[PDB]
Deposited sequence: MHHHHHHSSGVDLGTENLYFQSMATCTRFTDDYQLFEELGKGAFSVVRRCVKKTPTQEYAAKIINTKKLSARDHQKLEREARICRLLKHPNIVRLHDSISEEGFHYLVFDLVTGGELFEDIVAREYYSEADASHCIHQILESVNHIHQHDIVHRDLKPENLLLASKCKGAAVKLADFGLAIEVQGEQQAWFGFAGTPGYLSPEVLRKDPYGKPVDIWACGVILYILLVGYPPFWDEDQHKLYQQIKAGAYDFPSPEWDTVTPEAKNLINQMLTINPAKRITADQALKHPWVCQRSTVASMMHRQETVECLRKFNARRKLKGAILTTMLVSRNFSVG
């Protein structure tokens, strides 16, 4: 009744027996490597976690990530296919996503308008809305974690990396700690105030701003000054690039980039916003070449730093 009760969570050799390990894709605690299941042949991405070292707190964080990934089955979230416990290592086996970052694919297009921005943000908000409904907060929405499923026509945007995700109690806010990425951090996390689901919508507003113009609404080289701007919601819509952006897109950005999280738009309401919801009649169809060029520089900057 050990293996009968624990089942797929019981210690085993399921990974070593049923999969072959191939190259490293990334690294950070853990490594993500491509792998191929033998029995019915298919490609996956195994996150590999060395468990010999781990503290009680790190086990809880690993179990949390595993649980959260198991729970989330949505076309715009990268699916966990298995969670395998072996003697010294744990393996989270995910779908392999081969289309690369969303932001990289955008700069490679012939045409790119608001209507394409809205289409991306529609998919991104569907994933955020899904996780919020399941009382999960991602806490680290950013370009690096918005991937395309495949290089194929019509590939979905997929949310990745729930390494920082938290489970919340319905709509209750608490101090869950200082986590996230500088440029996308919410005022409430910087204030050290209680928080929850709204923090992910703040991040979506920053992403949405970048999808429209190709540069971030908040930046300073001095991180103390960056954080002051974010707390003050010190962004704007400079001309000339913002002059051709529809007032509807601007409206959605303002609602997402609202300092007080209680007043900030929800994912569910953002999905009912006309620019998202009635994209076809509301979103502009004019190509935004200046956005593609800024995005190129935005991607290069990030690549040059990493």
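No C-alpha positions are given in the record for the deposited-sequence stretches 1-14, 43, 322-336.
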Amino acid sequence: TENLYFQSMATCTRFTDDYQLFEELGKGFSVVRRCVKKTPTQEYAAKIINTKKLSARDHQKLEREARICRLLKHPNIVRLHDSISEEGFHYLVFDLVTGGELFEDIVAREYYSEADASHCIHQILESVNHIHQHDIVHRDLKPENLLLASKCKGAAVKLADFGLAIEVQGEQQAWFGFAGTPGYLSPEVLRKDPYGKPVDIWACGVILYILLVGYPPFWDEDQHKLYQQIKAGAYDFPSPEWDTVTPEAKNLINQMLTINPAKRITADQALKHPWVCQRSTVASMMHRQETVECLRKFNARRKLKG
From here on, numbers count along this sequence of modelled residues.
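For residue 271, the recorded CA B-factor ranks within the middle third of the chain. Only modelled residues enter the ranking.
In the PDB entry, residue 134 places in the lowest third of its chain by CA B-factor. Among the modelled residues of its chain, residue 222 has a C-alpha B-factor that falls in the highest third according to the deposited record.
Annotation for residue 29: C-alpha temperature factor in the highest third relative to the rest of the modelled chain, per the entry. The entry lists a Cα temperature factor for residue 295 that places it in the middle third of the chain's modelled residues.
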